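Below: the structure, in structure tokens.
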Amino acid sequence: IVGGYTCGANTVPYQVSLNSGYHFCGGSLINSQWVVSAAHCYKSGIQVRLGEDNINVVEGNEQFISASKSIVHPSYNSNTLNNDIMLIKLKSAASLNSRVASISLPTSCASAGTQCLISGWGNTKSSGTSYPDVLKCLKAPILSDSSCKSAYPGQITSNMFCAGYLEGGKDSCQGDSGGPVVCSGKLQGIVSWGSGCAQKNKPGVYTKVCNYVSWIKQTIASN
Ligand SMILES: C[C@H](NCc1cc(C(=N)N)ccc1O)C(=O)O
Ligand SMILES: [Ca+2]
Ligand SMILES: [Cu+2]
Numbered sequence: 397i398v399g400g401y402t403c404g405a406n407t408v409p410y411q412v413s414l415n416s417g418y419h420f421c422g423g424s425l426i427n428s429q430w431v432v433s434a435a436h437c438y439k440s441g442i443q444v445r446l447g448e449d450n451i452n453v454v455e456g457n458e459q460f461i462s463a464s465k466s467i468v469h470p471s472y473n474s475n476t477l478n479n480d481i482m483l484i485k486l487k488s489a490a491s492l493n494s495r496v497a498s499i500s501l502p503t504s505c506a507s508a509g510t511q512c513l514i515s516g517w518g519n520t521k522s523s524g525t526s527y528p529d530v531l532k533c534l535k536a537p538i539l540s541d542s543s544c545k546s547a548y549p550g551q552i553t554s555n556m557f558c559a560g561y562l563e564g565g566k567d568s569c570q571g572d573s574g575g576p577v578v579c580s581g582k583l584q585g586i587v588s589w590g591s592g593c594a595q596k597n598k599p600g601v602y603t604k605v606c607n608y609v610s611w612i613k614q615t616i617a618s619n
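Convert by adding 396 to the 1-based position in the sequence shown; the result is the number in our numbering.
Following this line, the structure appears as structure tokens:
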């Protein structure tokens with residue numbers, strides 16, 4: 397997260413860190429046994445870490461659970477990043493409490509102008525590399541479809557939406573990938589891609605979760 401603020405320990409209870417000997421992606425807990433992340437975060441040997449704040453120090457409240465299976469959307473395209481969504485089933489159910497809780501899936505899509513909360517342990521610098529120890533937060537609005545497409549001509553599909561600031565200085569970044577974009581208590585997006593980080597006229601692009609609610613429910617029900 398570039399230009400954000402320190403969230404505060406466990407203030408984003410549904411935020412998870414995907415770990416393989418180091419933090420490489422974010423994710424969102426949607427129920428005691430399932431996590432939603434981005435398809436480009438796929439890889440073997442994933443350990444899901446819940447209840448985290450400082451990812452380099454065991455402070456308490458953390459729960460480390462191995463992923464039993466990762467399900468990348470069958471139509472995910474690694475070139476266009478269309479359908480950039482993946483479901484992760486936990487080996488064992490997480491213990492839900494005030495520090496570890498699930499986030500609700502949307503019933504309807506969000507409209508432009510809606511204010512959302514984006515969070516993660518990704519890079520905090522637009523020009524350079526600087527990973528934080530604690531969780532960072534950023535409040536950003538969903539942009540209009542016309543502004544999104546004018547910013548990324550011919551690269552925005554119906555399964556994506558832009559959120560952020562056209563002036564630059566505030567945006568999600570590498571490492572935040574797969575993380576949550578929550579608006580009015582609902583998971584509306586997944587950190588997917590963008591051109592650089594926090595560059596002017598280049599807002600972040602996110603997977604539009606409301607288009608996948610039925611797929612998520614049907615997939616979870618059969619696994
Ligand atoms: C570095 C590049 N990822 C870039 C990237 C950019 C943004 C953004 N600017 N909002 C968000 C998530 C990302 O994963 C990559 O995966 O190669
Ligand atoms: Ca920790
Ligand atoms: Cu990326």
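We put the CB at the ideal spot given by N, CA and C, even for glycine.
Item	Value
With a threshold of 6 Å (Cβ to nearest heavy atom), would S568 be considered close to ligand 1?	yes
For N450, tell me which candidate among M556, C505, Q411 and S504 has the shortest Cα-Cα distance.	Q411
Which residues in the same chain as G516 place their Cβ atom closer than 6 Å to its Cβ, once the five residues preceding and following it in sequence are excluded?	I397, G422, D572 and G575
Between the stretch 601–609 and the stretch 469–483, are three or more C-beta pairs nearer than 8 Å?	yes
In the stretch 463–523, which residue ranges form an unbroken beta strand (DSSP E) of at least 3 residues, counting only runs that do not cross its ends?	482–486 and 511–516
If I'm right that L501 touches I612 with Cβ under 8 Å, what's the distance once you round it to whole angstroms?	7 Å
Which residue from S542, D529, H436 and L539 puts its Cα closest to that of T402?	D529
Does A434 come out as helix, strand or coil in the three-state DSSP assignment?	coil
Does the stretch 414–431 come within contact of the stretch 545–557, defined as at least 3 CB pairs closer than 8 Å?	no
In three-state DSSP terms, what is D541?	helix
Does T615 come out as helix, strand or coil in the three-state DSSP assignment?	helix
At the level of alpha carbons, what is the spacing between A506 and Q584?	7 Å
Measure the alpha-carbon distance for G399 versus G564 and round it to whole angstroms.	9 Å
Is the stretch 433–442 in contact with the stretch 539–554, if contact means three or more CB pairs nearer than 8 Å?	no
Ligand 2 and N450: does any heavy atom of the ligand fall closer than 6 Å to the residue's C-beta?	yes
So the candidates are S424, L531 and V496; which of them puts its Cα closest to the Cα of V453?	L531
If you follow the beta strand (DSSP E) that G600 is part of, which residue opens it and which one closes it?	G600 to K604
Beta-carbon within less than 7 Å of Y472's beta-carbon, same chain only, minus the 5 sequence neighbours each way: which residues are those?	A435, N479 and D480
Distance check for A617 and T520, CA to CA, integer angstroms please.	38 Å
Taking a contact to mean a Cβ-Cβ separation below 7 Å, would you say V496 touches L562 in this structure?	no
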